file run.pdb (PDB, C-alpha atoms)
ATOM      1  CA  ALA A  66     149.195  69.670 194.580  1.00  0.00           C
ATOM      2  CA  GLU A  67     146.436  71.892 195.919  1.00  0.00           C
ATOM      3  CA  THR A  68     143.640  72.142 193.373  1.00  0.00           C
ATOM      4  CA  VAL A  69     141.330  74.955 192.482  1.00  0.00           C
ATOM      5  CA  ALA A  70     137.874  75.206 190.900  1.00  0.00           C
ATOM      6  CA  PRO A  71     137.841  77.093 187.581  1.00  0.00           C
ATOM      7  CA  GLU A  72     134.860  79.076 188.893  1.00  0.00           C
ATOM      8  CA  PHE A  73     137.008  80.307 191.782  1.00  0.00           C
ATOM      9  CA  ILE A  74     139.620  81.604 189.352  1.00  0.00           C
ATOM     10  CA  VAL A  75     136.947  83.532 187.443  1.00  0.00           C
ATOM     11  CA  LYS A  76     135.487  84.893 190.680  1.00  0.00           C
ATOM     12  CA  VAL A  77     138.755  86.298 191.953  1.00  0.00           C
ATOM     13  CA  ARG A  78     139.849  87.654 188.580  1.00  0.00           C
ATOM     14  CA  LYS A  79     136.560  89.531 188.190  1.00  0.00           C
ATOM     15  CA  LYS A  80     136.658  90.756 191.834  1.00  0.00           C
ATOM     16  CA  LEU A  81     140.025  92.316 190.972  1.00  0.00           C
ATOM     17  CA  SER A  82     138.569  93.919 187.803  1.00  0.00           C
ATOM     18  CA  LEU A  83     141.172  92.195 185.633  1.00  0.00           C
ATOM     19  CA  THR A  84     140.833  90.871 182.097  1.00  0.00           C
ATOM     20  CA  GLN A  85     142.136  87.388 181.316  1.00  0.00           C
ATOM     21  CA  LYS A  86     145.017  89.068 179.464  1.00  0.00           C
ATOM     22  CA  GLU A  87     145.868  91.272 182.448  1.00  0.00           C
ATOM     23  CA  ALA A  88     145.676  88.357 184.871  1.00  0.00           C
ATOM     24  CA  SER A  89     147.957  86.278 182.693  1.00  0.00           C
ATOM     25  CA  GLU A  90     150.476  89.164 182.584  1.00  0.00           C
ATOM     26  CA  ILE A  91     150.372  89.782 186.369  1.00  0.00           C
ATOM     27  CA  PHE A  92     150.305  86.159 187.536  1.00  0.00           C
ATOM     28  CA  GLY A  93     152.275  84.533 184.738  1.00  0.00           C
ATOM     29  CA  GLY A  94     151.664  81.396 182.690  1.00  0.00           C
ATOM     30  CA  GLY A  95     151.740  82.878 179.191  1.00  0.00           C
ATOM     31  CA  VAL A  96     149.308  85.002 177.195  1.00  0.00           C
ATOM     32  CA  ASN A  97     146.405  82.501 177.190  1.00  0.00           C
ATOM     33  CA  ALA A  98     146.986  81.199 180.734  1.00  0.00           C
ATOM     34  CA  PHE A  99     143.766  82.416 182.327  1.00  0.00           C
ATOM     35  CA  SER A 100     141.693  81.513 179.290  1.00  0.00           C
ATOM     36  CA  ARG A 101     142.821  77.909 179.829  1.00  0.00           C
ATOM     37  CA  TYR A 102     142.565  77.963 183.615  1.00  0.00           C
ATOM     38  CA  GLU A 103     138.993  79.240 183.550  1.00  0.00           C
ATOM     39  CA  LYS A 104     137.988  76.414 181.163  1.00  0.00           C
ATOM     40  CA  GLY A 105     139.608  73.856 183.538  1.00  0.00           C
ATOM     41  CA  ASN A 106     142.075  72.800 180.836  1.00  0.00           C
ATOM     42  CA  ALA A 107     145.259  73.710 182.662  1.00  0.00           C
ATOM     43  CA  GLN A 108     146.324  73.867 186.257  1.00  0.00           C
ATOM     44  CA  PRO A 109     147.697  77.134 187.528  1.00  0.00           C
ATOM     45  CA  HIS A 110     151.066  77.174 189.201  1.00  0.00           C
ATOM     46  CA  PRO A 111     150.839  76.526 192.955  1.00  0.00           C
ATOM     47  CA  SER A 112     151.895  80.120 193.645  1.00  0.00           C
ATOM     48  CA  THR A 113     149.146  81.436 191.387  1.00  0.00           C
ATOM     49  CA  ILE A 114     146.529  79.434 193.305  1.00  0.00           C
ATOM     50  CA  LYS A 115     147.856  80.632 196.662  1.00  0.00           C
ATOM     51  CA  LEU A 116     148.137  84.251 195.535  1.00  0.00           C
ATOM     52  CA  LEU A 117     144.564  84.161 194.201  1.00  0.00           C
ATOM     53  CA  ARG A 118     143.384  82.809 197.556  1.00  0.00           C
ATOM     54  CA  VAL A 119     145.167  85.654 199.343  1.00  0.00           C
ATOM     55  CA  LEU A 120     143.682  88.222 196.978  1.00  0.00           C
ATOM     56  CA  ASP A 121     140.192  86.800 197.389  1.00  0.00           C
ATOM     57  CA  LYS A 122     140.408  87.663 201.100  1.00  0.00           C
ATOM     58  CA  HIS A 123     142.527  90.824 200.731  1.00  0.00           C
ATOM     59  CA  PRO A 124     141.844  92.253 197.280  1.00  0.00           C
ATOM     60  CA  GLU A 125     143.533  95.542 198.170  1.00  0.00           C
ATOM     61  CA  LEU A 126     146.839  93.674 197.952  1.00  0.00           C
ATOM     62  CA  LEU A 127     146.542  93.943 194.143  1.00  0.00           C
ATOM     63  CA  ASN A 128     148.039  97.425 194.644  1.00  0.00           C
ATOM     64  CA  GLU A 129     151.181  95.830 196.049  1.00  0.00           C
ATOM     65  CA  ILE A 130     151.753  93.495 193.099  1.00  0.00           C
ATOM     66  CA  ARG A 131     150.487  95.048 189.912  1.00  0.00           C
TER      67      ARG A 131
ATOM     68  CA  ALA B  66     159.109  89.702 183.478  1.00  0.00           C
ATOM     69  CA  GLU B  67     159.643  91.222 186.905  1.00  0.00           C
ATOM     70  CA  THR B  68     162.970  90.079 188.313  1.00  0.00           C
ATOM     71  CA  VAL B  69     164.060  89.317 191.816  1.00  0.00           C
ATOM     72  CA  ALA B  70     167.399  89.263 193.648  1.00  0.00           C
ATOM     73  CA  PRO B  71     168.360  85.816 194.981  1.00  0.00           C
ATOM     74  CA  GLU B  72     169.172  87.481 198.314  1.00  0.00           C
ATOM     75  CA  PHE B  73     165.572  88.692 198.535  1.00  0.00           C
ATOM     76  CA  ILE B  74     164.299  85.143 198.097  1.00  0.00           C
ATOM     77  CA  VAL B  75     166.538  83.945 200.936  1.00  0.00           C
ATOM     78  CA  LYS B  76     165.459  86.854 203.135  1.00  0.00           C
ATOM     79  CA  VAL B  77     161.759  86.177 202.790  1.00  0.00           C
ATOM     80  CA  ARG B  78     162.099  82.408 203.090  1.00  0.00           C
ATOM     81  CA  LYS B  79     164.055  82.773 206.336  1.00  0.00           C
ATOM     82  CA  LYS B  80     161.635  85.453 207.662  1.00  0.00           C
ATOM     83  CA  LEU B  81     158.884  82.857 207.207  1.00  0.00           C
ATOM     84  CA  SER B  82     160.966  80.201 209.035  1.00  0.00           C
ATOM     85  CA  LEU B  83     160.775  77.867 206.039  1.00  0.00           C
ATOM     86  CA  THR B  84     163.362  75.410 204.759  1.00  0.00           C
ATOM     87  CA  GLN B  85     164.160  75.362 201.044  1.00  0.00           C
ATOM     88  CA  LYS B  86     162.235  72.074 200.849  1.00  0.00           C
ATOM     89  CA  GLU B  87     159.186  73.567 202.571  1.00  0.00           C
ATOM     90  CA  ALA B  88     159.263  76.672 200.392  1.00  0.00           C
ATOM     91  CA  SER B  89     159.465  74.578 197.255  1.00  0.00           C
ATOM     92  CA  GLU B  90     156.446  72.533 198.434  1.00  0.00           C
ATOM     93  CA  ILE B  91     154.352  75.612 199.356  1.00  0.00           C
ATOM     94  CA  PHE B  92     155.257  77.824 196.394  1.00  0.00           C
ATOM     95  CA  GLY B  93     155.829  75.174 193.748  1.00  0.00           C
ATOM     96  CA  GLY B  94     158.591  74.694 191.188  1.00  0.00           C
ATOM     97  CA  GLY B  95     159.722  71.182 192.103  1.00  0.00           C
ATOM     98  CA  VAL B  96     161.743  69.749 194.980  1.00  0.00           C
ATOM     99  CA  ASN B  97     164.959  71.725 194.316  1.00  0.00           C
ATOM    100  CA  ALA B  98     163.232  74.953 193.225  1.00  0.00           C
ATOM    101  CA  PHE B  99     164.390  77.205 196.049  1.00  0.00           C
ATOM    102  CA  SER B 100     167.877  75.731 196.058  1.00  0.00           C
ATOM    103  CA  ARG B 101     168.183  76.922 192.446  1.00  0.00           C
ATOM    104  CA  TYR B 102     166.429  80.247 192.965  1.00  0.00           C
ATOM    105  CA  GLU B 103     168.675  81.201 195.870  1.00  0.00           C
ATOM    106  CA  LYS B 104     171.786  80.486 193.747  1.00  0.00           C
ATOM    107  CA  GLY B 105     170.365  82.709 190.947  1.00  0.00           C
ATOM    108  CA  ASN B 106     170.282  79.756 188.544  1.00  0.00           C
ATOM    109  CA  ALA B 107     166.561  79.748 187.867  1.00  0.00           C
ATOM    110  CA  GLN B 108     163.857  82.349 187.782  1.00  0.00           C
ATOM    111  CA  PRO B 109     160.857  81.817 189.995  1.00  0.00           C
ATOM    112  CA  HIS B 110     157.421  81.890 188.465  1.00  0.00           C
ATOM    113  CA  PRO B 111     155.943  85.406 188.364  1.00  0.00           C
ATOM    114  CA  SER B 112     153.349  84.398 190.966  1.00  0.00           C
ATOM    115  CA  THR B 113     156.068  83.132 193.287  1.00  0.00           C
ATOM    116  CA  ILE B 114     157.887  86.476 193.079  1.00  0.00           C
ATOM    117  CA  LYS B 115     154.688  88.427 193.731  1.00  0.00           C
ATOM    118  CA  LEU B 116     153.601  86.164 196.585  1.00  0.00           C
ATOM    119  CA  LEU B 117     157.040  86.480 198.206  1.00  0.00           C
ATOM    120  CA  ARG B 118     156.772  90.267 197.951  1.00  0.00           C
ATOM    121  CA  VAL B 119     153.366  90.151 199.640  1.00  0.00           C
ATOM    122  CA  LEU B 120     154.676  87.878 202.381  1.00  0.00           C
ATOM    123  CA  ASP B 121     157.695  90.092 202.977  1.00  0.00           C
ATOM    124  CA  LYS B 122     155.297  92.899 203.941  1.00  0.00           C
ATOM    125  CA  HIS B 123     152.606  90.700 205.535  1.00  0.00           C
ATOM    126  CA  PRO B 124     154.312  87.551 206.795  1.00  0.00           C
ATOM    127  CA  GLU B 125     151.256  86.560 208.831  1.00  0.00           C
ATOM    128  CA  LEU B 126     149.594  85.664 205.529  1.00  0.00           C
ATOM    129  CA  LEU B 127     151.652  82.433 205.568  1.00  0.00           C
ATOM    130  CA  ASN B 128     148.863  81.123 207.832  1.00  0.00           C
ATOM    131  CA  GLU B 129     146.391  81.593 204.994  1.00  0.00           C
ATOM    132  CA  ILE B 130     148.389  79.604 202.438  1.00  0.00           C
ATOM    133  CA  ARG B 131     150.356  76.873 204.125  1.00  0.00           C
TER     134      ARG B 131
END
call {"tool": "encode", "arguments": {"input": "run.pdb", "output": "structure tokens"}}
result
Amino acid sequence: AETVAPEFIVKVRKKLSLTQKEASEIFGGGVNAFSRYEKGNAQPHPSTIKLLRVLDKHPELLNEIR
Amino acid sequence: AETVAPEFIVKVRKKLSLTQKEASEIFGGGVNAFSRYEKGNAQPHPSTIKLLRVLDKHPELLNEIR
């Protein structure tokens, strides 16, 4: 499974001007998902990692998914 | 949770020239994930749905994630 640095998750979430709660709602994983991901205590779903990588490069795509 | 038609999943997977096995590896969900999704017998992760919607519009983004 592709892995991801917790710091990368924080970076992209903040670039998108999302709260942890909002990110968890949009990307899935349950209410406290991003809180755990950003502490390195859970692994996001592979699709969450890949979607975050896409959004890091093309943040305007948030308007297509939110 | 946003829902998705099984036919949409098939459409995007085939547009991307992926097998069910390849899609399951790239997007996650386990080996038989797409087999189940395309029969309507499991719900993809929210990030999988959103990433498929992005790829339907911008299929070239497969090169950023594969």
call {"tool": "interface_residues", "arguments": {"input": "run.pdb", "of": "chain A", "to": "chain B", "cutoff": "8 Å", "atoms": "all atoms listed in the file", "output": "ChimeraX atom specification"}}
result
/A:91-93,110-113,115-116,118-119,126,129-130
call {"tool": "atom_distance", "arguments": {"input": "run.pdb", "atom1": "CA of residue 108 (chain A)", "atom2": "CA of residue 95 (chain B)"}}
result
14.9 Å
call {"tool": "axis_aligned_box", "arguments": {"input": "run.pdb", "around": "region 102-115 of chain B", "padding_each_side": "3 Å", "output": "JSON"}}
result
{"center_x": 162.6, "center_y": 84.1, "center_z": 191.8, "size_x": 24.4, "size_y": 14.7, "size_z": 14.1}
call {"tool": "atom_distance", "arguments": {"input": "run.pdb", "atom1": "CA of residue 77 (chain B)", "atom2": "CA of residue 120 (chain B)"}}
result
7.3 Å
call {"tool": "closest_residue", "arguments": {"input": "run.pdb", "among": "A:128, A:71, A:78, A:84", "to": "residue 101 (chain A)", "atoms": "all atoms listed in the file"}}
result
A:71
call {"tool": "atom_distance", "arguments": {"input": "run.pdb", "atom1": "CA of residue 80 (chain A)", "atom2": "CA of residue 103 (chain A)"}}
result
14.4 Å
call {"tool": "resolve_selection", "arguments": {"input": "run.pdb", "expression": "the PyMOL selection byres ((chain A and resi 85) around 8)", "output": "compact mmCIF listing (two decimals) with C-alpha atoms, keeping the file's coordinate frame"}}
result
# COMPACT_ATOMS: atom_id res chain seq x y z
CA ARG A 78 139.85 87.65 188.58
CA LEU A 83 141.17 92.20 185.63
CA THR A 84 140.83 90.87 182.10
CA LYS A 86 145.02 89.07 179.46
CA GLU A 87 145.87 91.27 182.45
CA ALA A 88 145.68 88.36 184.87
CA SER A 89 147.96 86.28 182.69
CA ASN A 97 146.40 82.50 177.19
CA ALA A 98 146.99 81.20 180.73
CA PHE A 99 143.77 82.42 182.33
CA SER A 100 141.69 81.51 179.29
